[PDB]
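With the input below, show me the fold.
(2 chains)
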Amino acid sequence: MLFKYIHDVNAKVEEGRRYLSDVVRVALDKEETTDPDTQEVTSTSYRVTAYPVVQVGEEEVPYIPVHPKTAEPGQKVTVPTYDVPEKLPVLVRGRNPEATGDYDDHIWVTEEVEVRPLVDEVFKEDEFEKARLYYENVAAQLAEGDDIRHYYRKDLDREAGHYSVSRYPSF
Amino acid sequence: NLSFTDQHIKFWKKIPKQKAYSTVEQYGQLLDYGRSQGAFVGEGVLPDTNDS
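Numbers count the residues shown, from 1 in each chain, chains lettered A, B, ... in the order given. Below is the structure in question.
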């Protein structure tokens, strides 16, 4: 994990189906494929991902002050660690199969749903600058205060201006 | 009179005088306009927040 960004989303984002946690993690990582015999690598790729994460522990890190503050030579602060969960709850409207009257017919039920990544992109061994730009754009768009909305990549797209192929239904 | 007079007192007569209303007097001051972050942003990008 070359880069790591922990962002705090607001209540409106936290209520979305894809965002079922109060903290979103954005990271860039490098992957390799090696032959089974030895460490002979065959290819290298960069992956950019965003995940809803949960707290699983704490760790000791150095303290980094900001301009209106001053720090001791060896001051340290504690920060939480995060890990990808498996299922997160959500409340939906439902009905009581064993209701007895008009006051306990409508209820709210809790259902657990599968967690999926928000972003998952793969870049080749070259074009590390493109992966870095994508990571920075995702982080900035999260910092804008809304959901992640833009996913368009020019490399993975159909040719524009090809009328004999774009006339088919897509709606 | 072989000693000094009131004409030899200089600093006490130049300092401005103000009225005090208690044994503790408070005042506020502005020290800075914001931390120097860098005001150069991209096209269509939201600038960062600053505090004085």
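
show me what contacts residue A:34?
Counting by C-beta atoms under 8 Å, 6 or more residues apart in numbering or on different chains, residue A:34 makes contact with A:40, A:41, A:42. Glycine gets a C-beta too; all of them are placed from N, C-alpha and C.

got the phi/psi numbers for the first one?
Reported as degrees, to the nearest 10, the phi and psi values for residue A:40 are phi -70, psi 110.

That one - nearest residue in space that isn't next to it in sequence?
Excluding its sequence neighbours, the residue lying closest to residue A:40 (C-beta to C-beta, 6 or more residues apart in numbering or on different chains) is residue A:34, at 6.1 Å.

so the one you found bridges to which residues?
Note on residue A:34: beta-bridge partners residue A:41, judged by DSSP bridges.

ok, it to residue A:42 distance?
7 Å (C-beta to C-beta, to the nearest Å).

tell me which parts of chain B are close to chain A?
Contacts of chain B with chain A, taken as C-beta under 8 Å from any C-beta of the partner chain, map to B:35, B:36, B:45, B:46.

Try it again at 10 Å.
Counting by C-beta under 10 Å from any C-beta of the partner chain, the residues of chain B close to chain A are B:31, B:32, B:34, B:35, B:36, B:37, B:42, B:45, B:46, B:48, B:51, B:52.

neighbours around the last one, how many?
Same thing as residue B:52. 9 (other C-beta atoms under 10 Å in any protein chain shown).

Distance-wise, check residue B:10 relative to residue B:4.
Distance from residue B:10 to residue B:4, by C-beta to C-beta: 12 Å.

now do residue B:14
18 Å.

burial measure for the closest residue in space to residue A:67 that isn't next to it in sequence, as a count.
Here the nearest residue to residue A:67 in space, its sequence neighbours aside, is residue B:35; by C-beta to C-beta, 6+ apart that works out to 4.1 Å. Neighbourhood size, residue B:35 [other C-beta under 10 Å]: 11.

pretty sure residue B:35 is touching residue A:65, no?
No: the pair residue B:35 and residue A:65 fails to qualify as a contact (C-beta atoms under 10 Å) at a distance of 11.5 Å.

which SS class is the residue of chain B found nearest chain A?
Closest approach between chain B and chain A, counting by C-beta to the nearest C-beta: residue B:35, at 4.1 Å. State at residue B:35, reduced to three classes by DSSP: H, G, I helix; E, B strand; the rest coil: coil.

for the nearest residue to residue A:104 once chain neighbours are set aside, what are its contacts?
Of all residues not flanking residue A:104 in the chain, residue A:96 sits nearest, at 5.8 Å (C-beta to C-beta, 6+ apart). Residues counted as contacts of residue A:96 (C-beta atoms under 10 Å, 6 or more residues apart in numbering or on different chains) are A:104, A:105, A:106, A:107, A:109.

and residue A:31, how far is that from chain B?
Distance of residue A:31 to chain B, given as C-beta to the nearest C-beta, to the nearest Å: 29 Å.

That residue against residue A:49, yeah?
No: applying C-beta under 10 Å, one finds residue A:31 not in contact with residue A:49, separated by 11.2 Å.
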